[PDB]
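*Asks:* What follows is the file model_26.pdb, containing PDB, C-alpha atoms:
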```
ATOM      1  CA  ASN A 111     -94.177 -77.736 109.026  1.00  0.00           C
ATOM      2  CA  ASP A 112     -95.824 -80.359 106.800  1.00  0.00           C
ATOM      3  CA  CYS A 113     -94.789 -83.388 108.879  1.00  0.00           C
ATOM      4  CA  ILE A 114     -97.718 -83.132 111.324  1.00  0.00           C
ATOM      5  CA  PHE A 115    -100.795 -85.383 111.056  1.00  0.00           C
ATOM      6  CA  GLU A 116    -103.958 -85.567 113.145  1.00  0.00           C
ATOM      7  CA  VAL A 117    -105.347 -88.545 115.069  1.00  0.00           C
ATOM      8  CA  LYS A 118    -109.129 -88.720 115.459  1.00  0.00           C
ATOM      9  CA  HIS A 119    -111.487 -90.992 117.386  1.00  0.00           C
ATOM     10  CA  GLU A 120    -115.295 -90.775 117.529  1.00  0.00           C
ATOM     11  CA  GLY A 121    -115.191 -87.392 115.819  1.00  0.00           C
ATOM     12  CA  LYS A 122    -112.770 -85.748 118.267  1.00  0.00           C
ATOM     13  CA  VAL A 123    -109.070 -84.971 117.926  1.00  0.00           C
ATOM     14  CA  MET A 124    -107.070 -86.884 120.544  1.00  0.00           C
ATOM     15  CA  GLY A 125    -103.467 -86.284 119.528  1.00  0.00           C
ATOM     16  CA  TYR A 126    -100.831 -86.075 116.835  1.00  0.00           C
ATOM     17  CA  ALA A 127     -98.235 -88.212 115.085  1.00  0.00           C
ATOM     18  CA  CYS A 128     -94.999 -87.023 113.493  1.00  0.00           C
ATOM     19  CA  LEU A 129     -92.773 -88.275 110.676  1.00  0.00           C
ATOM     20  CA  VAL A 130     -89.062 -87.960 111.481  1.00  0.00           C
ATOM     21  CA  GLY A 131     -86.019 -89.468 109.799  1.00  0.00           C
ATOM     22  CA  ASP A 132     -87.150 -92.697 108.161  1.00  0.00           C
ATOM     23  CA  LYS A 133     -89.730 -93.817 110.740  1.00  0.00           C
ATOM     24  CA  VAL A 134     -93.322 -93.078 111.742  1.00  0.00           C
ATOM     25  CA  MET A 135     -93.686 -92.109 115.409  1.00  0.00           C
ATOM     26  CA  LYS A 136     -96.834 -92.165 117.545  1.00  0.00           C
ATOM     27  CA  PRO A 137     -97.355 -92.141 121.321  1.00  0.00           C
ATOM     28  CA  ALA A 138     -98.627 -95.490 122.564  1.00  0.00           C
ATOM     29  CA  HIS A 139    -101.298 -94.200 124.967  1.00  0.00           C
ATOM     30  CA  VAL A 140    -103.219 -92.192 122.338  1.00  0.00           C
ATOM     31  CA  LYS A 141    -106.247 -93.963 120.883  1.00  0.00           C
ATOM     32  CA  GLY A 142    -107.862 -93.530 117.477  1.00  0.00           C
ATOM     33  CA  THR A 143    -106.960 -93.903 113.821  1.00  0.00           C
ATOM     34  CA  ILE A 144    -104.791 -91.834 111.498  1.00  0.00           C
ATOM     35  CA  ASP A 145    -106.377 -89.369 109.084  1.00  0.00           C
ATOM     36  CA  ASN A 146    -104.253 -90.357 106.077  1.00  0.00           C
ATOM     37  CA  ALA A 147    -105.672 -93.606 104.703  1.00  0.00           C
ATOM     38  CA  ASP A 148    -102.264 -94.548 103.273  1.00  0.00           C
ATOM     39  CA  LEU A 149    -100.649 -94.792 106.719  1.00  0.00           C
ATOM     40  CA  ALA A 150    -103.546 -96.819 108.156  1.00  0.00           C
ATOM     41  CA  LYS A 151    -102.337-100.002 106.422  1.00  0.00           C
ATOM     42  CA  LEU A 152     -99.007-100.224 108.268  1.00  0.00           C
ATOM     43  CA  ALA A 153     -98.268-102.782 110.977  1.00  0.00           C
ATOM     44  CA  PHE A 154     -97.100-101.296 114.269  1.00  0.00           C
ATOM     45  CA  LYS A 155     -95.019-102.756 117.102  1.00  0.00           C
ATOM     46  CA  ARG A 156     -95.424-101.723 120.728  1.00  0.00           C
ATOM     47  CA  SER A 157     -93.133-101.559 123.750  1.00  0.00           C
ATOM     48  CA  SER A 158     -94.522-100.182 127.003  1.00  0.00           C
ATOM     49  CA  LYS A 159     -91.088 -99.499 128.495  1.00  0.00           C
ATOM     50  CA  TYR A 160     -90.942 -96.258 126.438  1.00  0.00           C
ATOM     51  CA  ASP A 161     -94.605 -95.652 125.417  1.00  0.00           C
ATOM     52  CA  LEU A 162     -93.540 -95.611 121.765  1.00  0.00           C
ATOM     53  CA  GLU A 163     -94.793 -97.257 118.565  1.00  0.00           C
ATOM     54  CA  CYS A 164     -92.948 -97.132 115.242  1.00  0.00           C
ATOM     55  CA  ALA A 165     -93.266 -98.345 111.653  1.00  0.00           C
ATOM     56  CA  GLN A 166     -91.482 -97.949 108.335  1.00  0.00           C
ATOM     57  CA  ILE A 167     -92.085 -94.874 106.161  1.00  0.00           C
ATOM     58  CA  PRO A 168     -93.347 -95.759 102.654  1.00  0.00           C
ATOM     59  CA  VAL A 169     -91.224 -94.812  99.670  1.00  0.00           C
ATOM     60  CA  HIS A 170     -93.419 -92.243  97.920  1.00  0.00           C
ATOM     61  CA  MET A 171     -93.578 -89.902 100.955  1.00  0.00           C
ATOM     62  CA  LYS A 172     -89.823 -89.786 101.644  1.00  0.00           C
ATOM     63  CA  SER A 173     -89.615 -86.135 100.531  1.00  0.00           C
ATOM     64  CA  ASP A 174     -91.714 -85.028 103.536  1.00  0.00           C
ATOM     65  CA  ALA A 175     -89.230 -86.284 106.151  1.00  0.00           C
ATOM     66  CA  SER A 176     -87.697 -83.837 108.625  1.00  0.00           C
ATOM     67  CA  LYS A 177     -84.028 -83.545 109.551  1.00  0.00           C
ATOM     68  CA  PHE A 178     -82.721 -84.491 112.992  1.00  0.00           C
ATOM     69  CA  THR A 179     -79.673 -84.319 115.238  1.00  0.00           C
ATOM     70  CA  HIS A 180     -78.569 -85.457 118.690  1.00  0.00           C
ATOM     71  CA  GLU A 181     -76.648 -82.416 119.978  1.00  0.00           C
ATOM     72  CA  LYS A 182     -78.292 -80.608 122.905  1.00  0.00           C
ATOM     73  CA  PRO A 183     -76.520 -77.335 123.709  1.00  0.00           C
ATOM     74  CA  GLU A 184     -77.909 -75.134 126.456  1.00  0.00           C
ATOM     75  CA  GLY A 185     -80.094 -72.301 125.213  1.00  0.00           C
ATOM     76  CA  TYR A 186     -83.603 -71.548 123.982  1.00  0.00           C
ATOM     77  CA  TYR A 187     -85.863 -73.676 121.788  1.00  0.00           C
ATOM     78  CA  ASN A 188     -89.149 -73.120 119.955  1.00  0.00           C
ATOM     79  CA  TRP A 189     -92.380 -75.040 119.403  1.00  0.00           C
ATOM     80  CA  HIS A 190     -95.974 -74.443 118.352  1.00  0.00           C
ATOM     81  CA  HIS A 191     -97.291 -72.452 121.329  1.00  0.00           C
ATOM     82  CA  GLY A 192     -94.222 -70.419 122.207  1.00  0.00           C
ATOM     83  CA  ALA A 193     -90.706 -70.750 123.576  1.00  0.00           C
ATOM     84  CA  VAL A 194     -89.236 -73.423 125.847  1.00  0.00           C
ATOM     85  CA  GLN A 195     -86.102 -73.386 127.998  1.00  0.00           C
ATOM     86  CA  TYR A 196     -83.593 -76.219 128.399  1.00  0.00           C
ATOM     87  CA  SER A 197     -81.232 -75.981 131.368  1.00  0.00           C
ATOM     88  CA  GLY A 198     -80.120 -78.299 134.135  1.00  0.00           C
ATOM     89  CA  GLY A 199     -81.293 -81.334 132.174  1.00  0.00           C
ATOM     90  CA  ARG A 200     -84.995 -80.426 132.068  1.00  0.00           C
ATOM     91  CA  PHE A 201     -87.436 -78.574 129.809  1.00  0.00           C
ATOM     92  CA  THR A 202     -89.463 -75.827 131.518  1.00  0.00           C
ATOM     93  CA  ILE A 203     -92.280 -73.817 129.912  1.00  0.00           C
ATOM     94  CA  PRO A 204     -94.305 -71.006 131.550  1.00  0.00           C
ATOM     95  CA  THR A 205     -97.573 -72.141 133.101  1.00  0.00           C
ATOM     96  CA  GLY A 206    -100.854 -71.844 131.193  1.00  0.00           C
ATOM     97  CA  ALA A 207     -99.701 -73.155 127.814  1.00  0.00           C
ATOM     98  CA  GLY A 208    -100.719 -76.660 126.879  1.00  0.00           C
ATOM     99  CA  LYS A 209    -103.709 -78.870 127.619  1.00  0.00           C
ATOM    100  CA  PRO A 210    -104.833 -82.495 127.187  1.00  0.00           C
ATOM    101  CA  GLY A 211    -104.740 -83.569 123.551  1.00  0.00           C
ATOM    102  CA  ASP A 212    -101.561 -81.720 122.514  1.00  0.00           C
ATOM    103  CA  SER A 213     -99.385 -84.852 122.467  1.00  0.00           C
ATOM    104  CA  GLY A 214     -97.046 -85.432 119.538  1.00  0.00           C
ATOM    105  CA  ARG A 215     -95.704 -81.921 118.969  1.00  0.00           C
ATOM    106  CA  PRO A 216     -92.010 -81.688 118.015  1.00  0.00           C
ATOM    107  CA  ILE A 217     -89.449 -79.298 119.495  1.00  0.00           C
ATOM    108  CA  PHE A 218     -87.087 -77.697 116.986  1.00  0.00           C
ATOM    109  CA  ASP A 219     -83.485 -76.517 117.007  1.00  0.00           C
ATOM    110  CA  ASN A 220     -82.338 -73.202 115.539  1.00  0.00           C
ATOM    111  CA  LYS A 221     -81.940 -74.607 112.014  1.00  0.00           C
ATOM    112  CA  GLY A 222     -85.153 -76.642 112.059  1.00  0.00           C
ATOM    113  CA  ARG A 223     -83.701 -79.947 113.260  1.00  0.00           C
ATOM    114  CA  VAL A 224     -85.872 -82.075 115.545  1.00  0.00           C
ATOM    115  CA  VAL A 225     -84.553 -82.953 119.001  1.00  0.00           C
ATOM    116  CA  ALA A 226     -87.504 -84.195 121.089  1.00  0.00           C
ATOM    117  CA  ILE A 227     -91.089 -85.477 121.199  1.00  0.00           C
ATOM    118  CA  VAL A 228     -93.241 -84.294 124.114  1.00  0.00           C
ATOM    119  CA  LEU A 229     -95.909 -86.166 126.078  1.00  0.00           C
ATOM    120  CA  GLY A 230     -97.455 -85.042 129.364  1.00  0.00           C
ATOM    121  CA  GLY A 231     -96.256 -82.544 131.928  1.00  0.00           C
ATOM    122  CA  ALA A 232     -96.180 -81.604 135.595  1.00  0.00           C
ATOM    123  CA  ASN A 233     -97.767 -78.644 137.381  1.00  0.00           C
ATOM    124  CA  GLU A 234     -95.641 -76.322 139.532  1.00  0.00           C
ATOM    125  CA  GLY A 235     -96.043 -72.802 140.895  1.00  0.00           C
ATOM    126  CA  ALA A 236     -94.855 -70.619 138.009  1.00  0.00           C
ATOM    127  CA  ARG A 237     -93.330 -73.194 135.621  1.00  0.00           C
ATOM    128  CA  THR A 238     -94.379 -76.470 134.009  1.00  0.00           C
ATOM    129  CA  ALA A 239     -92.177 -79.571 134.125  1.00  0.00           C
ATOM    130  CA  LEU A 240     -92.345 -81.405 130.804  1.00  0.00           C
ATOM    131  CA  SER A 241     -92.029 -85.140 130.178  1.00  0.00           C
ATOM    132  CA  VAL A 242     -90.120 -85.896 126.993  1.00  0.00           C
ATOM    133  CA  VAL A 243     -88.953 -88.843 124.892  1.00  0.00           C
ATOM    134  CA  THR A 244     -85.554 -88.196 123.311  1.00  0.00           C
ATOM    135  CA  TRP A 245     -82.834 -90.262 121.682  1.00  0.00           C
ATOM    136  CA  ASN A 246     -79.060 -90.635 121.700  1.00  0.00           C
ATOM    137  CA  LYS A 247     -76.503 -92.464 119.576  1.00  0.00           C
ATOM    138  CA  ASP A 248     -77.879 -95.984 118.981  1.00  0.00           C
ATOM    139  CA  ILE A 249     -80.414 -95.842 121.859  1.00  0.00           C
ATOM    140  CA  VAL A 250     -83.441 -93.917 123.111  1.00  0.00           C
ATOM    141  CA  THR A 251     -84.189 -92.693 126.642  1.00  0.00           C
ATOM    142  CA  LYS A 252     -87.210 -91.444 128.588  1.00  0.00           C
ATOM    143  CA  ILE A 253     -87.152 -88.466 130.974  1.00  0.00           C
ATOM    144  CA  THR A 254     -90.079 -88.058 133.374  1.00  0.00           C
ATOM    145  CA  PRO A 255     -90.288 -85.609 136.297  1.00  0.00           C
ATOM    146  CA  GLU A 256     -92.134 -86.225 139.542  1.00  0.00           C
ATOM    147  CA  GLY A 257     -95.885 -85.614 139.574  1.00  0.00           C
ATOM    148  CA  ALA A 258     -96.378 -85.473 135.803  1.00  0.00           C
ATOM    149  CA  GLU A 259     -99.803 -86.236 134.338  1.00  0.00           C
ATOM    150  CA  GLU A 260    -100.606 -87.560 130.882  1.00  0.00           C
ATOM    151  CA  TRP A 261    -101.708 -85.174 128.150  1.00  0.00           C
TER     152      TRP A 261
ATOM    153  CA  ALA B 392     -95.235-168.879 146.568  1.00  0.00           C
ATOM    154  CA  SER B 393     -92.560-168.760 149.275  1.00  0.00           C
ATOM    155  CA  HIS B 394     -91.471-165.136 148.740  1.00  0.00           C
ATOM    156  CA  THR B 395     -92.949-161.677 149.203  1.00  0.00           C
ATOM    157  CA  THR B 396     -94.277-159.356 146.507  1.00  0.00           C
ATOM    158  CA  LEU B 397     -92.329-156.531 144.870  1.00  0.00           C
ATOM    159  CA  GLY B 398     -92.820-152.773 144.834  1.00  0.00           C
ATOM    160  CA  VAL B 399     -92.641-149.875 142.414  1.00  0.00           C
ATOM    161  CA  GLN B 400     -88.997-149.099 143.240  1.00  0.00           C
ATOM    162  CA  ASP B 401     -87.771-152.545 142.102  1.00  0.00           C
ATOM    163  CA  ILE B 402     -86.466-152.094 138.549  1.00  0.00           C
ATOM    164  CA  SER B 403     -83.696-153.831 136.607  1.00  0.00           C
ATOM    165  CA  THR B 404     -80.321-152.119 136.321  1.00  0.00           C
ATOM    166  CA  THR B 405     -80.584-151.786 132.536  1.00  0.00           C
ATOM    167  CA  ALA B 406     -83.997-150.109 132.737  1.00  0.00           C
ATOM    168  CA  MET B 407     -82.844-147.597 135.359  1.00  0.00           C
ATOM    169  CA  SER B 408     -79.977-146.327 133.194  1.00  0.00           C
ATOM    170  CA  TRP B 409     -82.269-145.393 130.297  1.00  0.00           C
ATOM    171  CA  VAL B 410     -84.547-143.385 132.604  1.00  0.00           C
ATOM    172  CA  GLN B 411     -81.616-141.392 134.005  1.00  0.00           C
ATOM    173  CA  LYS B 412     -80.235-140.438 130.588  1.00  0.00           C
ATOM    174  CA  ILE B 413     -83.588-139.251 129.226  1.00  0.00           C
ATOM    175  CA  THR B 414     -84.574-137.162 132.249  1.00  0.00           C
ATOM    176  CA  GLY B 415     -81.096-135.657 132.535  1.00  0.00           C
ATOM    177  CA  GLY B 416     -80.979-134.661 128.874  1.00  0.00           C
ATOM    178  CA  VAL B 417     -84.313-132.836 128.908  1.00  0.00           C
ATOM    179  CA  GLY B 418     -83.442-131.081 132.166  1.00  0.00           C
ATOM    180  CA  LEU B 419     -80.296-129.565 130.660  1.00  0.00           C
ATOM    181  CA  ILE B 420     -82.254-127.852 127.871  1.00  0.00           C
ATOM    182  CA  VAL B 421     -84.424-126.043 130.426  1.00  0.00           C
ATOM    183  CA  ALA B 422     -81.368-125.118 132.506  1.00  0.00           C
ATOM    184  CA  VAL B 423     -79.421-123.523 129.643  1.00  0.00           C
ATOM    185  CA  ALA B 424     -82.451-121.588 128.358  1.00  0.00           C
ATOM    186  CA  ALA B 425     -83.194-120.203 131.830  1.00  0.00           C
ATOM    187  CA  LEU B 426     -79.793-118.528 132.170  1.00  0.00           C
ATOM    188  CA  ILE B 427     -80.092-116.522 128.940  1.00  0.00           C
ATOM    189  CA  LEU B 428     -83.375-114.957 130.084  1.00  0.00           C
ATOM    190  CA  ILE B 429     -81.866-113.755 133.374  1.00  0.00           C
ATOM    191  CA  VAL B 430     -78.874-112.067 131.712  1.00  0.00           C
ATOM    192  CA  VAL B 431     -81.073-110.075 129.322  1.00  0.00           C
ATOM    193  CA  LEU B 432     -83.473-109.018 132.084  1.00  0.00           C
ATOM    194  CA  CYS B 433     -80.725-107.426 134.174  1.00  0.00           C
ATOM    195  CA  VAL B 434     -79.438-105.341 131.253  1.00  0.00           C
ATOM    196  CA  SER B 435     -82.867-103.801 130.645  1.00  0.00           C
ATOM    197  CA  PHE B 436     -83.295-102.975 134.344  1.00  0.00           C
ATOM    198  CA  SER B 437     -79.912-101.283 134.810  1.00  0.00           C
ATOM    199  CA  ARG B 438     -79.678 -99.435 131.486  1.00  0.00           C
ATOM    200  CA  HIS B 439     -82.915 -97.478 131.953  1.00  0.00           C
TER     201      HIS B 439
ATOM    202  CA  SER C 372     -98.962-142.132 129.076  1.00  0.00           C
ATOM    203  CA  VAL C 373     -98.725-139.556 131.871  1.00  0.00           C
ATOM    204  CA  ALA C 374     -94.919-139.411 131.762  1.00  0.00           C
ATOM    205  CA  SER C 375     -94.832-138.708 128.024  1.00  0.00           C
ATOM    206  CA  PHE C 376     -97.256-135.779 128.318  1.00  0.00           C
ATOM    207  CA  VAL C 377     -95.318-134.007 131.084  1.00  0.00           C
ATOM    208  CA  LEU C 378     -91.912-134.376 129.408  1.00  0.00           C
ATOM    209  CA  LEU C 379     -93.169-132.894 126.137  1.00  0.00           C
ATOM    210  CA  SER C 380     -94.633-129.881 127.955  1.00  0.00           C
ATOM    211  CA  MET C 381     -91.296-129.113 129.629  1.00  0.00           C
ATOM    212  CA  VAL C 382     -89.535-129.052 126.251  1.00  0.00           C
ATOM    213  CA  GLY C 383     -92.109-126.590 124.934  1.00  0.00           C
ATOM    214  CA  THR C 384     -91.424-124.183 127.792  1.00  0.00           C
ATOM    215  CA  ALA C 385     -87.724-124.039 126.900  1.00  0.00           C
ATOM    216  CA  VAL C 386     -88.497-123.016 123.315  1.00  0.00           C
ATOM    217  CA  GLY C 387     -91.144-120.515 124.407  1.00  0.00           C
ATOM    218  CA  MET C 388     -88.734-118.672 126.690  1.00  0.00           C
ATOM    219  CA  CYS C 389     -86.166-118.234 123.913  1.00  0.00           C
ATOM    220  CA  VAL C 390     -88.511-116.266 121.651  1.00  0.00           C
ATOM    221  CA  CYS C 391     -89.413-113.971 124.563  1.00  0.00           C
ATOM    222  CA  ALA C 392     -85.760-113.098 125.203  1.00  0.00           C
ATOM    223  CA  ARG C 393     -85.093-112.287 121.539  1.00  0.00           C
ATOM    224  CA  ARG C 394     -87.967-109.794 121.303  1.00  0.00           C
ATOM    225  CA  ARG C 395     -86.799-107.723 124.275  1.00  0.00           C
ATOM    226  CA  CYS C 396     -83.162-107.857 123.123  1.00  0.00           C
ATOM    227  CA  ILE C 397     -83.681-106.248 119.716  1.00  0.00           C
ATOM    228  CA  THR C 398     -86.586-103.775 120.049  1.00  0.00           C
ATOM    229  CA  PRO C 399     -84.481-100.880 121.484  1.00  0.00           C
ATOM    230  CA  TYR C 400     -82.410-100.831 118.286  1.00  0.00           C
ATOM    231  CA  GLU C 401     -85.296-100.437 115.811  1.00  0.00           C
ATOM    232  CA  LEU C 402     -87.269 -97.481 117.257  1.00  0.00           C
ATOM    233  CA  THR C 403     -84.275 -95.145 117.201  1.00  0.00           C
ATOM    234  CA  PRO C 404     -84.420 -92.887 114.117  1.00  0.00           C
ATOM    235  CA  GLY C 405     -81.451 -93.504 111.851  1.00  0.00           C
ATOM    236  CA  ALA C 406     -80.066 -96.390 113.913  1.00  0.00           C
ATOM    237  CA  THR C 407     -78.229 -99.449 112.596  1.00  0.00           C
ATOM    238  CA  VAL C 408     -78.183-102.814 114.377  1.00  0.00           C
ATOM    239  CA  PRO C 409     -74.604-103.939 115.167  1.00  0.00           C
ATOM    240  CA  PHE C 410     -73.122-106.662 112.978  1.00  0.00           C
ATOM    241  CA  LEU C 411     -72.507-109.223 115.728  1.00  0.00           C
ATOM    242  CA  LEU C 412     -76.052-109.051 117.103  1.00  0.00           C
ATOM    243  CA  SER C 413     -77.725-108.684 113.696  1.00  0.00           C
ATOM    244  CA  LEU C 414     -76.568-112.081 112.426  1.00  0.00           C
ATOM    245  CA  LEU C 415     -75.805-114.474 115.295  1.00  0.00           C
ATOM    246  CA  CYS C 416     -77.620-113.726 118.578  1.00  0.00           C
ATOM    247  CA  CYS C 417     -80.753-111.603 119.006  1.00  0.00           C
ATOM    248  CA  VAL C 418     -81.230-111.955 115.237  1.00  0.00           C
TER     249      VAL C 418
END
```
Spell out the structure here as structure tokens.
*Replies:*
Amino acid sequence: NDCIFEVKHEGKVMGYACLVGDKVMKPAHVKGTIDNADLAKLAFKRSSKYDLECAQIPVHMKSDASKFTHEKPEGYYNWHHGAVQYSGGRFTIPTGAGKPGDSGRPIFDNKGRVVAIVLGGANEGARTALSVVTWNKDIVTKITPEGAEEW
Amino acid sequence: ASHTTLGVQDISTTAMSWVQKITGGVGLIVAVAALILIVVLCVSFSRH
Amino acid sequence: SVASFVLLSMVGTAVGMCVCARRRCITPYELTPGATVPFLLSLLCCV
């Protein structure tokens, strides 16, 4: 709830960053600077194979960190604009929700544990195919469906 | 003089040995380093 | 003079390649939340 921060550039909101675990996470393709002046001083490392940048969380903000897991049982999941469905290895959300600039939102489990970070999506007839960056034990992976566009 | 001139390929036996050792040594360093790069590159390709 | 210049450049390429390999080797292990780099790789190779 309190782990969400805004990214602004030239007076407009471009996207979001999220604090999870012990690391700061931000999509690589989003431009701008962070609203909190304290985070602006960190040095960030970039790898285009996953479109992900990360840096170390400072000590005095450790109480704001969210909990996480890796288990992904089939069922229903929740996020800011409504409900999302996970089945068959892909996340599908009804068409009409979402628009450019919504990058960085987390998807939560039943108990409030974070399982995924969303970026972009693909347009179909009655459903939307989402592109997501997840993680597993000791590695991370990227899932991207055909025809997806950046958000 | 009653003999012909010499060319660039005419070098004493002692001098030739030093050239071979130096060029061979430097070449090995490039060869070993090249193999490590190839192994890492394949792992990244396949794992994704 | 020419031979010395070329030989030194070749040595520099060998060093330059090694740092490139190390960067790509390790980076997957640091972006994962809550991850720990394995002992063997942490100390000896892909430091």
*Asks:* Go through chain A residue by residue and, counting all atoms listed in the file, keep those with an atom at most 12 Å from chain B; for each kept residue give the shortest atom pair and its distance in Å to one decimal, ordered by chain and increasing number, as CSV.
*Replies:*
```
residue,atom,partner,partner_atom,distance
A:159,CA,B:439,CA,9.1
A:160,CA,B:439,CA,9.8
A:249,CA,B:438,CA,10.3
A:250,CA,B:439,CA,9.5
A:251,CA,B:439,CA,7.3
A:252,CA,B:439,CA,8.1
A:253,CA,B:439,CA,10.0
A:254,CA,B:439,CA,11.9
```
*Asks:* With only C-alpha atoms considered, list every residue of chain A at most 10 Å from chain C, as a VMD selection string.
*Replies:* chain A and resid 130 to 135 155 to 157 159 to 160 162 to 166 178 to 179 244 to 251
*Asks:* For chain C against chain B, which residues fall within 9 Å using all atoms listed in the file, given as a list in words?
*Replies:* residues 378, 381, 382, 384, 385, 386, 388, 389, 391, 392, 395 and 396 of chain C
*Asks:* Mind giving me the straight-line distance from atom CA of residue A:171 to atom CA of residue A:188 in Å, one decimal?
*Replies:*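 According to the coordinates, atom CA of residue A:171 and atom CA of residue A:188 are separated by 25.7 Å.
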*Asks:* Evaluated on this file, the PyMOL selection byres ((chain A and resi 222) around 10) picks out some residues - which ones are they, written as a ChimeraX atom specification?
*Replies:* /A:111,176-179,188,217-221,223-225
*Asks:* Write a file of the selected residues as an mmCIF file, in the coordinates of the input, keeping C-alpha atoms.
*Replies:*
```cif
data_model
loop_
_atom_site.group_PDB
_atom_site.id
_atom_site.type_symbol
_atom_site.label_atom_id
_atom_site.label_comp_id
_atom_site.auth_asym_id
_atom_site.auth_seq_id
_atom_site.Cartn_x
_atom_site.Cartn_y
_atom_site.Cartn_z
ATOM 1 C CA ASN A 111 -94.177 -77.736 109.026
ATOM 2 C CA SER A 176 -87.697 -83.837 108.625
ATOM 3 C CA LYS A 177 -84.028 -83.545 109.551
ATOM 4 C CA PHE A 178 -82.721 -84.491 112.992
ATOM 5 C CA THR A 179 -79.673 -84.319 115.238
ATOM 6 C CA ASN A 188 -89.149 -73.120 119.955
ATOM 7 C CA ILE A 217 -89.449 -79.298 119.495
ATOM 8 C CA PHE A 218 -87.087 -77.697 116.986
ATOM 9 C CA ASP A 219 -83.485 -76.517 117.007
ATOM 10 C CA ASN A 220 -82.338 -73.202 115.539
ATOM 11 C CA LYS A 221 -81.940 -74.607 112.014
ATOM 12 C CA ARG A 223 -83.701 -79.947 113.260
ATOM 13 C CA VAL A 224 -85.872 -82.075 115.545
ATOM 14 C CA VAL A 225 -84.553 -82.953 119.001
#
```
